[PDB]
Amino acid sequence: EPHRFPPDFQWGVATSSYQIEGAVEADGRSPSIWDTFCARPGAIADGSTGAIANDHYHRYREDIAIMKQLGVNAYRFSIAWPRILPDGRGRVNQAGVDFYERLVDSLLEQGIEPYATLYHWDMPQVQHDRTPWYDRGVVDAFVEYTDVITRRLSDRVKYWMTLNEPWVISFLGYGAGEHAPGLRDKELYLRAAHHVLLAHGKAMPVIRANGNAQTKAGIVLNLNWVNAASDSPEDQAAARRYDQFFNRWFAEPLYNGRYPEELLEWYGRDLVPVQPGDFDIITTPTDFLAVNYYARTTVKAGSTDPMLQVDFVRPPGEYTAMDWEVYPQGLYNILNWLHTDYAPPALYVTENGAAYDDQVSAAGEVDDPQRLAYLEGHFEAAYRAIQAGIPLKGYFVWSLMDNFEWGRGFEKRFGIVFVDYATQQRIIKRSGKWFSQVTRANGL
């Protein structure tokens, strides 16, 4: 009664360049804003950096053979700007383009469809020094990079995502100081949020011009299910503000050419650097909307976040090692909201997964029953979305393998494949062996 996904459903895994590649000085790559941020005392919980990570730069063929064992028909990765244009603009680093050619050819040779993210947070440092996200000149810098890389690969890459999680780039990078470049200012976050949207909309016709009739592109939004802690008017309004901040701030511009008006007023409307024609650019038609979903966030009126006047509440329930509530209904809820309000022609889940404490048994196995249960419940929510008529075309598990989890460093393991950092040994987890069966059965 709750069995099979559509016959051409895309089952994948996802990664990003800085989280897995390592070889940070190899083959002409220049430092990213993350290579510099990892130097800051207190920025990374375990004091780690992405300098080596999974060494996927060297080990990609072995990682693609693991993908074949998992039976995925798709693979979501990001392209490092610092390998392609190490001076940020101008001179193409041929050897960096060459890595992504070898990666894309190794994937298509194994029948794995490439889903390429253009921007997953690793701007070159030298380019951030000229154009941070809050400087409108960042838009043409991103379009130039997009132009260069899409010209080289669009014969072989059909699916293109512009930027990964505008909320993270803007708010964690410039509003909360938790991600590179590590600034913390309401105005800088709002400028960066606007310029991310404009870089999305200006990139879109360049991806299309450099491609063919098969080329599909879209943006990737992180979205979480937001819940008021109670029916108190103060708590309902706290939830609505947080929802406006987290979920609607990017979606409303993308589909309706407006920011959420109540939150825009709350902030100071003049702080957002909107020019005439900007919403026409931001609303440029997309082929799909990609969604990164992890959790339910429960909000009360409070002062924890002084910017939004909210506190977070943990309902009784199940939490990952990140302290993120496990709420698979939230994924159905988000997909249904997007379907009803915006009618994207296609939806992808480009990230969903969990971090739990993992150990290699005496027998060399990784028994992760809480990660397996996490995935089973979310896959079941996706199946329900499809049965309700929501045009969900694919699902990418975060992550293929344990990697550098940004401010959490390597202590949080998201992989369905375990990495022994002492040896770079990959061990497919119990959750990975289970997924190996889901992909092959195309269902649960």
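Heads up: residue numbers just count along the shown sequence, starting at 1.
- If you average the C-alpha B-factors over 237 to 245 and over 165 to 173, the higher value belongs to 237 to 245.
- For the pair 327 to 335 and 225 to 233, the mean Cα B-factor is higher in 225 to 233.
- Taking the PDB entry at face value, the top CA B factor among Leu198, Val349, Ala295, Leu308 belongs to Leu308.
- The entry assigns its greatest Cα B factor, within the set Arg191, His179, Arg76, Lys300, to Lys300.
- The PDB entry assigns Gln425 a C-alpha temperature factor belonging to the middle third of its chain's modelled residues.
- In this PDB entry, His120 carries a Cα temperature factor that places it within the lowest third of its chain's modelled residues.
- In the PDB entry, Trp266 places in the highest third of its chain by CA B-factor.
- Annotation for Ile281: C-alpha temperature factor in the highest third relative to the rest of the modelled chain, per the entry.
- Per the PDB record, residue ranking by Cα B-factor puts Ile386 in the highest third of the chain.
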